[PDB]
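Peer 1: Would you mind keeping the following structure in view while I ask a few things?
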Number of protein chains: 2
Amino acid sequence: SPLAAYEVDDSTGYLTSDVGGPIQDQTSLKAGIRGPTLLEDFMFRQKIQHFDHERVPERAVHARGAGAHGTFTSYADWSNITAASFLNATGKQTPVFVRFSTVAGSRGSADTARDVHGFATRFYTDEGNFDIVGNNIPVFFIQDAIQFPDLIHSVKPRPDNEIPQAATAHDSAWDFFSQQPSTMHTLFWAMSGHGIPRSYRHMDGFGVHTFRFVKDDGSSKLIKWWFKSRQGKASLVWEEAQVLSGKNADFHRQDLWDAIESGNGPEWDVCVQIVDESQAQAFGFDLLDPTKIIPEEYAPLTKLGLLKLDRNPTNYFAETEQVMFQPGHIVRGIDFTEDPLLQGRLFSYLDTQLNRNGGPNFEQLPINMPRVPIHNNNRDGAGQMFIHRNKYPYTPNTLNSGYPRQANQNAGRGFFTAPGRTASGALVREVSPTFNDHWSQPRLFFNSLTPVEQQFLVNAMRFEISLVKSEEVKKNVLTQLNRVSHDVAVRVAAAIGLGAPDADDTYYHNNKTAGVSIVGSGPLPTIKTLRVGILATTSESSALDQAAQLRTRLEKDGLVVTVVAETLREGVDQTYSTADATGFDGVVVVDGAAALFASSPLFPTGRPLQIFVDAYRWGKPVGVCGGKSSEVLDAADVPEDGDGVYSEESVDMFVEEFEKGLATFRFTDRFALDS
Amino acid sequence: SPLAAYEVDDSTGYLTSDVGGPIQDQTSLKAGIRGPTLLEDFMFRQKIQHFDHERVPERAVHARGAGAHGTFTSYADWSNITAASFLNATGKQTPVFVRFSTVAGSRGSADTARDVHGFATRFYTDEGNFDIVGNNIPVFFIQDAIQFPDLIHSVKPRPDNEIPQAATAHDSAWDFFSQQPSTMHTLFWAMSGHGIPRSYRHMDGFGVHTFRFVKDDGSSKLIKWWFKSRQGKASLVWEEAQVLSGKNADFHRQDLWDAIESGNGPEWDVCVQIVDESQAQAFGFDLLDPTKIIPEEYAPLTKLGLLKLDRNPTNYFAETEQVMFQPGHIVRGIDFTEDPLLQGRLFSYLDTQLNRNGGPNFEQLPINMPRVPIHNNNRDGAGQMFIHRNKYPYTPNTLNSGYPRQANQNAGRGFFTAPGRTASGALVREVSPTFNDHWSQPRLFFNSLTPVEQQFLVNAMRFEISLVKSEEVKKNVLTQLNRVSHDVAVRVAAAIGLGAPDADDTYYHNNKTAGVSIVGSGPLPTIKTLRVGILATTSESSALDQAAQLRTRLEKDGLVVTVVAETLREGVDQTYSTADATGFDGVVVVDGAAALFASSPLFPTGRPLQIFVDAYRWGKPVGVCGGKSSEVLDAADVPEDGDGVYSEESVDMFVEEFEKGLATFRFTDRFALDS
Ligand code: HDD
Ligand code: HDD
Ligand SMILES: [Ca+2]
Ligand SMILES: [Ca+2]
Ligand SMILES: [Ca+2]
Ligand SMILES: [Ca+2]
């Protein structure tokens, strides 16, 4: 581990107190064998006090998440655009830690809630820790940090009864969205498949804000951070996500943990869009506005390096729960912009760690420590782990020979604000009029999805808005949707029994942009780690032989195979009782098992066929291997000539066809469209 | 009341700071219109500091839960058995607050996880706050409080990756259960329908421990607390509970909130079993052992009074999240026993509130305050809300005339330890040999369930143990189950492909006890609040007329009716998109809607039929109203002669039959049994 010096080994030895005294911990000290417990039982109290105090406050947002360690490797010397030391040489490696998350749910809510997702990355650089605290969607709901508690209160559970958990599907959230039209862009992303990603590994990361790269000469450029997934993009379908939220609330954290342990650690190209300072207002919107993307057509990506996650934590609480990210963790070569959302975040993340840690020395926790020396005059505070030798911790001093020395642009590789930055004007609590177009980019995004994706987005809105009780809120929602697309407002209105307002075409257009569609991003670049369920039976030795031969051929290509049957035994991983279509990316029935697809105390009535039908309905590749397919496919009402439906006698031919299906990932012709 | 004095109304007025200065909170103060945010923006920082610090640590256990206010009313003057003031007169009323919970899951986890459930009741008595901090299961996993962190660490998520959430279905939990055989009794309860109750209202509450009732003369008797539900007992089936965990993680808190708002606030008879001190060891087990029940046949229940919950909280965080229960909140007339589980609890609950509240003045929060004056020499600490006038807070004093006075058995209605209590022997960390029978009572419990209930319990163990990776742990589990029942171990072993160990009949017997079976507890005594889904269509004016006439007749009898259709409109509550069988206790299809049961952009393929089939498979009353009937029942493969299947042309006859079905609640003949 990068954190090996802090590890504690309990694989041998006798139980001790926290101060090394050998003890026991299984029976209380009592006044007689059936007597009361004694106050002098220090073994009891130290153990129970620790237990009683194990919990800390969950993060105010992004409470539900999971993390891993890895490495970042630079592809080049990037001194031509940034002074940043971690980017200063081809092949230069820096340790990282990444945490992924949802936003709204509390820390035991479901991974597969519909939500924006966090993607937070720490680079433990040789010039200090640098954090990029990003999301899987490139734009944010609001244009000023001061509005964050309004947004978050509205999407979190109603505060009288704390209902509903981890969901925007309630009156307050849609009230906020409909009254605060800045929200439209992020709303459209959340209501697309980007709100229900297949895994953390199958989503991109974005810094959201425009930042600055600063060279050692003082010149600056504007950048956006883009982490492009090397696993490809993929989503769940909503009905699948809902079932998975109940069957496996830990789906995304399990997926990441398993990928790392199998040696399939996920990778991203860490990229930037780079533009000149003079282009802040050149693209038809303001680069200080975090509700806006720069279309790839206007500014192409530059690949800076490779991020790879390849080591799981030892202790979740100590590493994942305690990691404390800050946009204020910045290094020389990077600087902020006057994005009023970013500006306020700088305050929040330093302050909130006091709540979580309960004390000011949270940067001393192993996961938060830097990998280089600390020289400063910060002292004392609860939980102080350092023993400082310098007894003159003030500047300016002569009694410690003027150390530590000041670092700045010209000495000590100091951080420095980009020297060409200026401010001019009144001290104002006013919104820039350059931020006022809330609807054109939502429309750009919607235009850029495929017809079936558009249907899914409409369906997500129909689902959530149908659960809003207030007729006034629902009308207000249609008013805002209508400014993005009259068609969206018409199709959503049909579900909730309202009339859509008349078209208002001020912000309508037909422009599209590349790289935002999931369905459109073509077949996955790899099928390693994807999950194949083989449905078999113990009633036929030949079904288990078919299952074993399929397993060998699928495992050869790095697929994760689960053989399912009525009961466990050698070669069977899971029972029908525990199995669900949400556990697989493709489902194969071996034709020896055909009789299960027409009752048993060992699983719920119809379970084997339900797994197959659910997989088909949710767009997954499905098939029958062995050559006799009719009985299964007729029971399922699955047509044999369907796209992403397979039937072959030959195991080799079956797997070759099926693997193409897995790369296709989803067969979208199985979903009905509005007329 | 301390609650009413601290209520804050924001239905009018201008925004202020926390010190009453009128402000704004929508735009940050900036150095020019596109400039950086200023440090002097106090409006920004106060708002965000508050947001940053909103969270507090969740409870170490029972983190997921919900609460309500109500009243306890005594049925009699109970002076003849206890000095307790809240029980001292017929009709005497005391305010209560109750919180219900699961045990293992974090905040945000699903209500319908399989778990033990908390049932914690605060009586705000005229002689101080009295808490009975109970569960819905009458026995606990362990016999000594010092083991609690062992139990809890084993059932909570594995600490390297924090998987899995809110579940015992993992190796560590079953390792603990198999190595600590005290766990068998509670394990059997949790694996029965008691682990997945239909609602908080449909479960009982238990103090678990033997306590003492103490009279003003100093004599004592041993008691067990039993809160008997007046709503009846009911459970979910596992497959339903899993789906509901995903479709509605807030199911139990919603059910409670809704019942209270409709004027159907839940009721319990608060009862005790009362036995003499001399019977501590008379029933074949030790009354100090919290893994044991007293069979009703050995000691019948005395009804002390009525508990009714009838008012929802105003603010969840302030009331439900902050309520801080303690078994140390005891009143004169009650005393502890030397149960080593109870003994340690007394320490834990005082200590843990320091973690949650962050300071020592947690009893000053309105929900925790008493309803009588506080006179003591406790002073200072963080968050001190009182201004104490007594400037000589020490005893003994003359400078405050010797006040406050000491209270005890003889003066001031003081609490006093039961004066007959003694202790004798060595100071020991040893377990009493009277606690060593871990298996007979698990067997008593199993024997007392119906055949189908026994099958559900076996099925729950087959499900969970099949997910254990370690073959050695699975074998160890069978070893322990085998000591309860060879048949259980045989039936469980069949699912996980192991052999059961040979019968070991040391603890086997055929005794039964009344009142532990859910299936056996007869029809529900009321059907008010139960949920009827009517599946209709907007295609047919006659389908909506059928739905509306059914609605009128069902709503008359206090049922919560939802009409489901493709889209909302007058008379339709929910779309097929958001509807699920988990949302209903009974499902009716109107005849006019027959065509939906043979594709649409408005809901997933087969959703209407799936709701009906799911409802049937999970044992619910189902029917078709209109008198075509055959087409829908044939499509569903639901037999018309089936118990809990209704088929009538007449709406009146349909409802009369259907309502008996709702009282029956579950039709258990639809579940397969081991040979
Ligand atoms: C002014 C308040 C505020 C605003 C405007 C934002 N956030 Fe934030 N964010 C917080 C206040 C905050 C916080 C309260 O300070 C959190 C909670 C825990 C922590 O360490 O910081 C947080 C956590 C947090 C995490 C979890 C980091 C982790 O896994 O531990 C992510 C990924 C983000 N945020 C991402 C964003 C993005 C991409 C934003 C807009 C572009 C954003 N936040 C705006
Ligand atoms: C020695 C530690 C220990 C032991 C043996 C137990 N508990 Fe406990 N219990 C806790 C330590 C604890 C705790 C850590 O102190 C909690 C967490 C939050 C709090 O207020 O106390 C708690 C919370 C808690 C709650 C939630 C209260 C609420 O709604 O806020 C209930 C209902 C119970 N417990 C019930 C039981 C029952 C019926 C037990 C055995 C008969 C039991 N506990 C044993
Ligand atoms: Ca709401
Ligand atoms: Ca999609
Ligand atoms: Ca485990
Ligand atoms: Ca006393």
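FYI, nothing fancy with the structure tokens labels: chains A, B, ... in order, residues from 1 per chain, ligands from 1 as they appear.
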Could you name the residues that touch residue 470 (chain B) at 12 Å or less, counting only C-alpha atoms, but leaving out those on the same chain fewer than 2 positions away, as a ChimeraX atom specification?
Peer 2: /B:170-175,465-468,472-477,496
Peer 1: Can you list, as JSON, numbers by chain, all residues belonging to region 368-460 of chain B that DSSP tags as helix (DSSP H, G or I)?
Peer 2: {"B": [433, 434, 435, 440, 441, 442, 443, 444, 445, 446, 447, 451, 452, 453, 454, 455, 456, 457, 458, 459, 460]}
Peer 1: Using only C-alpha atoms, select each residue of chain B with any atom at most 6 Å away from an atom of chain A, and give the selection as number ranges by chain.
Peer 2: B: 26-33, 35-36, 44, 52-53, 55-57, 106-109, 146-147, 159-161, 242-243, 245-247, 314-316, 338, 352, 355, 423-429, 432, 495-497, 567-569, 600-601, 672-674
Peer 1: To check your reading of the model: which residues sit at most 9 Å from ligand 6 when counting only C-alpha atoms and all ligand atoms? Write the answer as a ChimeraX atom specification.
Peer 2: /B:408-409,414-419
Peer 1: Give me, please, the distance in Å between CA of residue 65 (chain A) and CA of residue 125 (chain A), quoted to one decimal.
Peer 2: 23.8 Å
Peer 1: Can I get the residues close to ligand 4 as a ChimeraX atom specification, where close means within 12 Å and we count only C-alpha atoms and all ligand atoms?
Peer 2: /A:189-198,233-241,449-460,516-521,618-619,665-668,671
Peer 1: Quick check for you: according to DSSP on this backbone, which residues of region 463-564 of chain B are classed as strand (DSSP E or B)? Reply as number ranges by chain.
Peer 2: B: 531-535, 560-564
Peer 1: Do you know which residues are at most 12 Å from residue 181 (chain B) counting only C-alpha atoms, after dropping those on the same chain fewer than 3 positions away, and could you put them as JSON, numbers by chain?
Peer 2: {"B": [140, 141, 142, 143, 151, 174, 175, 176, 177, 178, 184, 185, 186, 187, 188, 291, 435, 436, 437, 438, 439, 440, 441, 442, 476, 477, 478, 479, 480, 481, 482, 483, 484]}
Peer 1: Separation of CA of residue 91 (chain A) and CA of residue 71 (chain A), in Å?
Peer 2: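 Atom-to-atom, CA of residue 91 (chain A) to CA of residue 71 (chain A), that is 11.2 Å.
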Peer 1: For the atom pair CA of residue 76 (chain A) and CA of residue 310 (chain A), what is the interatomic distance in Å to one decimal place?
Peer 2: 22.0 Å
Peer 1: Tell me which protein, DNA and RNA residues are within 8 Å of region 134-138 of chain A, counting only C-alpha atoms, leaving out same-chain ones fewer than 6 positions away, and put them as a ChimeraX atom specification.
Peer 2: /A:116-121,186,189-190,194,203-208,293
Peer 1: Write out as a list in words each polymer residue whose atoms come within 10 Å of residue 78 (chain A), counting only C-alpha atoms; drop sequence neighbours fewer than 4 positions from it.
Peer 2: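 Final neighbour list, sorted by chain and number: residues 74, 82, 83, 84, 85, 86, 87, 88, 89, 90, 215 and 304 of chain A.
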Peer 1: Using only C-alpha atoms and all ligand atoms for the distances, tell me which of B:346, B:299, B:214, B:294 is nearest to ligand 2.
Peer 2: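 Nearest to ligand 2: B:346.
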Peer 1: Using only C-alpha atoms, which residues sit within 9 Å of residue 522 (chain B) once same-chain residues fewer than 5 positions away are excluded, as a compact mmCIF listing (two decimals) with N, CA and C atoms, in the first residue's frame?
Peer 2:
# COMPACT_ATOMS: atom_id res chain seq x y z
N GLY B 232 -52.97 -6.20 14.47
CA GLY B 232 -52.73 -7.61 14.11
C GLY B 232 -51.30 -7.78 13.64
N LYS B 233 -50.89 -9.01 13.37
CA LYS B 233 -49.53 -9.26 12.93
C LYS B 233 -49.56 -9.62 11.45
N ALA B 663 -58.58 -9.29 4.94
CA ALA B 663 -58.47 -9.68 6.37
C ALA B 663 -57.63 -10.96 6.47
N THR B 664 -57.86 -11.92 5.55
CA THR B 664 -57.02 -13.12 5.54
C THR B 664 -55.57 -12.71 5.28
